């Protein structure tokens, strides 16, 4: 897929509560660059997933390459660039 500011992440342990997953995710990714926001929803269609929006595309790349299959809550993280831009980035 085409590199993007946001990285789509799935195959995350579904049992983890929303705020906690969101905090861990931030910690693990901060090192790659500033993070404008992190979307996480536990709804039927969105659970097990999360988009992490980076201020700089380059950051999304390193993070993607660096954390592919990383052990997170006992499940290897699957990461890809987001198909389209997230509002925040588009409306900018």
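Just so we're on the same page, rigid core means the largest C-alpha set that superposes within 1.5 Å between forms. Numbering follows the first chain given and starts at 1.
Annotation: of the segments 10 to 18 and 80 to 88, 80 to 88 departs further from this form in 5 other deposited structures of this protein (C-alpha atoms, root mean square over structures and residues, core superposition). Ranking 27, 35, 50, 64 by the C-alpha B-factor listed in the PDB entry places 64 at the top. In this PDB entry, the Cα temperature factor of residue 9 sits in the middle third of its chain's modelled residues. Among the modelled residues of its chain, residue 57 has a C-alpha B-factor that falls in the highest third according to the deposited record. Ranked by Cα temperature factor within the chain, residue 18 sits in the middle third according to the deposited record.
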